[PDB]
Amino acid sequence: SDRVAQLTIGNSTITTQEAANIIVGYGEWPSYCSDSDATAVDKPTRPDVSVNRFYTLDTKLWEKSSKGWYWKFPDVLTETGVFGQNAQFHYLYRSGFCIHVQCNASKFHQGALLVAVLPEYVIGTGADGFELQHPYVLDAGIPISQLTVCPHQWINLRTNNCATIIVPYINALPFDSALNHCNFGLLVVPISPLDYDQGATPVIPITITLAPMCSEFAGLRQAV
Amino acid sequence: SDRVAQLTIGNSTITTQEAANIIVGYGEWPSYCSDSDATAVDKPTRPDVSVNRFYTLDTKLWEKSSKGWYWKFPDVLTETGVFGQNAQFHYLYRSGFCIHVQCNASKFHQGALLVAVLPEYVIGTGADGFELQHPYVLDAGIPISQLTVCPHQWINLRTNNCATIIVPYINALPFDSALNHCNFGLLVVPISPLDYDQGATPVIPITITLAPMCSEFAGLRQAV
Amino acid sequence: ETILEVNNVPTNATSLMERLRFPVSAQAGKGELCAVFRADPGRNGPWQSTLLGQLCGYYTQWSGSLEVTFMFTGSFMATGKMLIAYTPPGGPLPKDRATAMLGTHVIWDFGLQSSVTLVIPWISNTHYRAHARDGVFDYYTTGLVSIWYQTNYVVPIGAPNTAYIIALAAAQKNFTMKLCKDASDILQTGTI
Amino acid sequence: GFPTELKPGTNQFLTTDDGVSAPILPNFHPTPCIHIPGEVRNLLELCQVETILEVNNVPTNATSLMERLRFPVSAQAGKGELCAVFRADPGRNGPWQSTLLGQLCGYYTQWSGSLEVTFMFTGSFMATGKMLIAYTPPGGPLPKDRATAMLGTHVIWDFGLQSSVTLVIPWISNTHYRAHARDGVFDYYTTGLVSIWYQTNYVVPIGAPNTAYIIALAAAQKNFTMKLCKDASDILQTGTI
Amino acid sequence: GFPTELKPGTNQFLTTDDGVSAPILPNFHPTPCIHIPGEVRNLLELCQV
Amino acid sequence: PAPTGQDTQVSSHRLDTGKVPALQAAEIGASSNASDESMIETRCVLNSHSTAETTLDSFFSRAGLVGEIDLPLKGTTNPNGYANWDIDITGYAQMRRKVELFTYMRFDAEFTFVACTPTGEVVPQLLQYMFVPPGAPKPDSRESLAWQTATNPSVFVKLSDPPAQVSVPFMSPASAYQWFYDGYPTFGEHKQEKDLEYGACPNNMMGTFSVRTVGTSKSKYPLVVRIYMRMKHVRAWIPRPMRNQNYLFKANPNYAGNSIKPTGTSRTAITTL
Amino acid sequence: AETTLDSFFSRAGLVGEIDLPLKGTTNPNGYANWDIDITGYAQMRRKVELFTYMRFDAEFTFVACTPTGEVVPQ
Amino acid sequence: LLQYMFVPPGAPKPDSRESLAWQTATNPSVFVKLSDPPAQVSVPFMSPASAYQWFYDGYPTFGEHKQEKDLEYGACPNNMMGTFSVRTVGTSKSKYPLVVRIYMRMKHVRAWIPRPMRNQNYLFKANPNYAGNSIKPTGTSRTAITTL
Amino acid sequence: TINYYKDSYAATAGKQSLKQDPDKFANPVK
Amino acid sequence: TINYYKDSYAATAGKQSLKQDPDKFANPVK
Ligand SMILES: CCCCCCCCCCCCC/C=C\[C@H](O)[C@H](N)CO
Ligand SMILES: CCCCCCCCCCCCC/C=C\[C@H](O)[C@H](N)CO
């Protein structure tokens, strides 16, 4: 039964006919801040429907010699929608996330992707994402072969065409600022390179869709 | 549900994702010799795990002009494994057999095979098998069109890629010698010739796997 | 499960990513060999790239059953079967398929379910094994793993001729380690 | 006798240790303690007493050292002019250094709780006017005009018979505790800013003074706590005494 | 703390003493002991052969 | 509960269609579930191997070097008999690699200080270790007025005595220490200068460590102090992949880009051992 | 519990200093007399002067060494 | 001052006085001075087998045993418990020559399968070799059997 | 745990409780 | 046995139990 899927939240809907079940990050659904965890004294605002919906960010192309891409959260949405407006009008922020990655091809294509979420992705040496320079060491001195210890899924072109990850709020503080801290980063790396023979369609785009869940804001001030 | 299959016995396992159910020869599972059927006075040996496991014999190629092949049992295994060593160290032998034939191709190939078991296959005029010279008369003066009266299965390249047959001990004596009598012979004949257009993979190998079940030996002497 | 580096041949900077998979293509159907390696988690080699391999370096002795999973990442119209065999200690590397099939093995069939798992059972003389190394300490060697072509890699016209396999390794529910020690690698070359 | 062993911690004199020592006077009884009013049982008891805040800490010379306790207020053109700003960081050097809360907080590394600043008007009886006091949480810079400052939490103060209003600075933070803020990296713990704006005007009839002054008193609320005792940053000696 | 006194027997290493010492491996469990035939429980058992 | 390893139950051969433990789909993202008793023929084994040595406390409650202080007689580092050392753990590779496996930790500590001359000889001398919390006055000389330690904890000890040790609580404002911080500590514009504060977490700066030789004039022996740290009551969260390449700077994941090396060893061919 | 009077005052502090030099003018005879006073040093004095009346016990610790910090048998 | 370090098999062995492996991040270690009473520790049973064995009739590898393997005759891997490391804590060379003596005591002892006691002198460690040219009787000798 | 002072954080490490939740990281599937 | 630590192998030798089976080596006859 876990081959068709429909996910709806707010006023957006996502359908897929070749799915690979749903991964819940660390076995915990997102929730609100309990009265014992809170530290603020002002009542927070929960816009609910106006900020919990699917957003489409940008499209990246998959080539036969691609390295990989990564994004940062919640840095991508700070200039998009009511979620962006509330982020700059408030100081404290917390929320969960549901992330959906789409990439489809025909039956005569081949290749594999590694979709994973890595909290606190410190990079050694926007909404459009960046391209890795040394994908073997994840640009931070750690091998990519051990990335599977993090919540992850695969996109095998012969089996499925989508990956779903649900990630709760991960941090050591009940609330934090959305303009100075990035809780986690999403990684998409091609492990097995794409291959096809001449005459097939050579454009295989990849698009990212995601939706905040159970958002909260506090500390109203002027927009920054 | 009868499309995926896993068969395990001893310390070997066989998996297939396109099966055609399992044929039990003459509707009787293999068993041991009852106390009323026995004639020997010495207690037999039952090595159990060390001789009941899957063995892979050899690979034969399927061509567009092939005739067919046949094997003999239990002559193939007398020089293979602990089953071979025990066969030459004992005089009386009995056992069952589970036989698995594998042959796979793509969706653009076509052809059909006839897998059958014929007890007491007397041939008119080793472990690698022989090639028929007059497949129409089974090299013994009998028409092949009536072979289906024996336990048999088909390998249709558009439907499945494997055939399974379970054969109990068939003989008029409770025990018999394994070096002078061949209980049955396995036949694989291409009824519908293989066909494909230039550019597809032209090598379609066929491999045979089988496993003795409920073996027994008696009459120890020197190796012959 | 973590990615295992069976194809740890290349070394240069630009091709460091090619170590995560090994290729598979069509042959003449004579039971050709694909790849071999040693199934010793603590000994330097392919297992050094997994989380289990790195953690095991902190502990002297281990016991339990391992598990290696292979995933096929080819086109949808390519089919074939492979044989994976595990040779217990004492037997050298098999010289052909008919010699490798004697040990415990599993036959893998390509299809909708694209992954199979070969379980390496805990077969040993002692209750625990120390880390194996060349010389005297070869007494604790666990065995070998081999991959053989069963029939062929069949592919119709208009589809790619070469595919790749990704192997993931982990431990079972009875895996235990003891006698904590320090790792054999120090990641500094002086003052930091 | 009894065999023992010595752990690697002997012979060290640790200042904060609590230990037992041999008394010098055997069988000594001290003088009885009579009842003396005004006993303190906790440093937090006197952390909630309002003290004068030095918002106008501009002057420095000896003869005008008293002018730092108040800031002036007069009539303007009614365009929402600015009056005074400062940072609401009790531990950081600045206006808060002149209060008992500010001095005590220097002995403790981390604090948490809500503050409270009270303004008192000391003008003539016939002078009336309204002021707006706004508190900008962290992240927003100093407001450039009143219409930008009114977004944060604020209170409107009306002159009248009741001459004092209190602006409560609620505990709004990301962490459970805050360390003392300072310039550089430690600006991560900055609490925000406080601003005072003219609402309508300072209206005064004929025959009455044109300039008045305001006195600000600061204190802490009932949930104020401090921990991790340390030594102060100021030493009041320049050699032998 | 507790006042004590030292008797004139300290700091000596006596070979035949039975004493307590600090373990080097915290939380260590040895390999289980299987049954092995021919166990000696006293040197007098094999003084009568 | 899991006090010991799992047993193994007796199994036999199975020949039936529809149930396939062996075939899997790793694209889902979950580990395997096929066991030994479901792919080969197994016997009954009663496992009694303890798992008490792999706990977090059993793995982290071991001392390790984290610090080094030099007090030379002639030189340029600390020729005045006093030193200031900011408390950091990332100074040495063995302990850093161990502690960096996780993202958040919460633990107490036990610090042990060993002091001796550079040649290893022990001489009669007196010192004073002073813990300076952030915001306290830091000493600037051997006779600084701040050495009165009116509030800050301090320890007086001699070289000839056994090494001194103290117990340390958890002093972070946050709920746990974090060794990685993806962000900046100030609301600034981050043009170029702020990038030197990338990853600088104020919740990990716990203070300063101060040491001096008690006296008015210069001492007579060069001295070296070594600080060892041990963890207890340890909790961990969110494990991450382990380190691969060499370390370059403290509190920085930087690595040598020109010299990149594989995780393990290499061979010549894939078909040969 | 960290802001109580005992939690704030039960910490050691320097209050005294005595010199016994070999050549000099202060105490060249190997003996010294020191009147008991607490007001000699600023850190402790500022702490104790916050209140007007106090009632407490004490624990005195004396540390002795040569002017260079060396320890000698005496 | 010194430092005794226990190096289990497979751990990095130090190669100098200032080796990086001396950080003893995981391996147990002891710091002690000469003027202090001798240090002592308690040691558990660390063998993979069920007991230590002082005789091992066999070889430790599946090889062909041509000549080189005969130098491994009797080499039991179950008895190689590790390495002991000692150094003087310091950067430069010390000022005194030093000697360390290791004493061992057994407790909670179990034994199996007694064997005849040794007769001749010892020659090599972990080897029952004896001087073949100089063979001596177990006890003393007399002149005649009829006289004391 | 063995303690000789008035503070709980000065005690020994003690013996923990042997519990495992391997399904948190290995089988997070809904 | 007298023990002061959390590990049983750090205790004293103690007093064993006086039992003998001389027939194991001296009279093994069936
Ligand atoms: C006698 C006084 C000496 C006691 C001083 C030690 C107390 C503080 C130790 C801190 C414990 C480790 C946690 C510190 C923070 C992080 O490890 C690093 N800053 C990593 O960025
Ligand atoms: C502070 C660290 C020092 C502790 C080091 C000693 C621990 C290991 C002692 C082993 C006990 C004796 C058993 C060893 C094996 C056999 O005696 C010999 N190898 C005989 O072949």
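Since every read-out is calculated from the coordinates, none of them should be taken as a lab result. Ideal geometry is used to build each Cβ from the backbone, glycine not excepted, and the neighbour counts take in all protein chains shown.
A few remarks follow.
- Range in chain F, longest, excluding exposed trypsin sites (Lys or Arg not before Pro) [loop by DSSP; at most 12 other beta-carbon atoms within 10 Å]: F:75-190
- Cβ-placed point charges (K, R +1; D, E -1), dipole of chain B about Cα centre in debye, nearest 20: 300 debye
- More than 17 Å apart - percent of Cα-Cα pairs taken over the stretch C:105-192: 72 percent
- Computed magnitude of the charge dipole of chain D (debye, nearest 20; Cβ of K, R +1, Cβ of D, E -1): 500 debye
- Helix-only CD estimate at 222 nm, as mean residue ellipticity for chain A, using -39500 (n - 2.57) per DSSP H run (n ≥ 4): -1000 deg cm²/dmol
- Inter-chain shielding of F:200-206 (mean C-beta neighbours from other protein chains, 10 Å cut-off): 4
- Extending 7 Å from Cα along the Cβ direction at A:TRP29 and again at D:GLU45 yields two label points whose distance is 5.2 nm.
- Once each of the GluC sites (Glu not before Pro) sitting in a DSSP loop with at most 14 other beta-carbon atoms within 10 Å is removed, chain F keeps F:1-142 as its longest stretch.
- Within the straight-line cut-off of under 18 Å between alpha carbons, the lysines reachable from H:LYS93 are H:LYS33, sequence neighbours fewer than 8 places apart in one chain being disregarded.
- By the equivalent-ellipsoid construction on the alpha carbon gyration tensor, the stretch A:57-113 comes out with semi-axes of 33, 11, 10 Å, ordered largest to smallest.
- Restricting the stretch A:1-81 to trypsin sites (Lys or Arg not before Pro) in coil, as DSSP defines it, with at most 13 other Cβ within 10 Å: A:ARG3, A:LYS64
- Residues of the stretch D:198-241 with amide N under 20 Å of a point placed 7 Å along Cα→Cβ from G:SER7: D:220-232
- Dipole axis of chain D (+1 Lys, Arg; -1 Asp, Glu on Cβ), positive-most option in D:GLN110, D:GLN162, D:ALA147: D:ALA147
- Within chain E, the proportion of C-alpha pairs whose separation exceeds 18 Å stands at 72%.
- FRET efficiency for the C:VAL136 to D:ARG87 pair, using the beta carbon distance and R₀ = 51 Å, is estimated at 0.10.
- Between J:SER17 and J:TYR4, the modelled label-to-label distance comes to 2.9 nm, taking each label 7 Å out from Cα in the direction of the beta carbon.
- q = 0.12, 0.15, 0.17, 0.29 Å⁻¹: log10 I(q)/I(0) that the Debye formula gives for the stretch B:102-162, counting C-alpha atoms only: -0.39, -0.59, -0.73, -1.25
- For chain F, the orientation-averaged shadow of the C-alpha convex hull comes to 25.4 nm² (one quarter of the hull surface).
- Put a plus charge on the Cβ of each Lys and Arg, a minus charge on the Cβ of each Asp and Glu, and nothing anywhere else: the dipole of the protein assembly as shown about its Cα centre is then about 2360 debye.
- A cut-off of 5 Å between modelled amide H atoms, ignoring neighbours fewer than 5 places along the same chain, links C:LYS178 with C:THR60, C:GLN61.
- Coordinate range along principal axes, alpha carbons of chain D, Å, largest first: 96, 45, 38
- Counting Cβ atoms of other protein chains within 10 Å of each residue's Cβ and taking the mean over peptide H:82-93 gives 3.
- For the stretch H:51-117, the relative contact order works out to 24 percent when only alpha carbon pairs closer than 8 Å and six or more residues apart are counted.
- Debye log10 I(q)/I(0) at q = 0.11, 0.12 Å⁻¹ for the stretch C:1-117, Cα point scatterers: -0.45, -0.54
- Treating r as the C-beta distance of D:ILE36 and A:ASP42 and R0 as 51 Å, the FRET efficiency rounds to 0.75.
- FRET E, pair D:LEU65, E:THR4, Förster distance 60 Å, beta-carbon r, rounded to 0.05: 0.45
- Loop-located GluC sites (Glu not before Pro) across the stretch C:1-68 with a Cβ neighbour count of 14 or fewer within 10 Å are C:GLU32, with loop assigned by DSSP.
- Label-to-label distance, B:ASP197 versus B:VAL82, with points set 7 angstrom from Cα along the beta-carbon direction: 5.3 nm.
- Highest-fluctuation residue, D:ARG92, D:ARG182, D:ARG41 considered, GNM on chain D with Cα pairs under 10 Å: D:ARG41
- Entry note, chain C: relative contact order of 39 percent, from Cα contacts under 8 Å with a spacing of 6+ residues.
- Farthest towards the positive end of the charge dipole of chain C, among the residues C:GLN54, C:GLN172, C:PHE70, is the Cα of C:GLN172, using unit charges on the Cβ of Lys, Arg, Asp and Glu.
- Compactness relative to 2.2 N^0.38 Å, alpha carbon Rg of the protein assembly as shown: 1.17
- Note on chain H: dipole from Cβ charges, positive end direction compared against H:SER19, H:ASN133, H:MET81; the farthest Cα belongs to H:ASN133.
- Estimated D of chain B in µm² per second, where Rh is the Kirkwood radius over Cα pairs and Stokes-Einstein applies at 25 °C, 0.890 mPa s: 131 µm²/s
- Cut-off 16 Å (backbone N to label point 7 Å along Cα→Cβ of F:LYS74), residues of the stretch F:217-257: F:219-223
- Angstrom value of the Kirkwood radius, inverse mean 1/r, which spans all Cα pairs in the stretch F:161-273: 20.0 Å
- Under Karplus coefficients 6.51, -1.76 and 1.60, residue-wise ³J(HN,Hα) of the stretch D:226-241 in Hz, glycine/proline x: 9, 8, 6, 4, 9, 9, 5, 8, 10, 10, 9, 7, 10, x, 5, 8
- Ellipsoid equivalent to chain H - semi-axes via the Cα gyration tensor, in Å: 39, 24, 18
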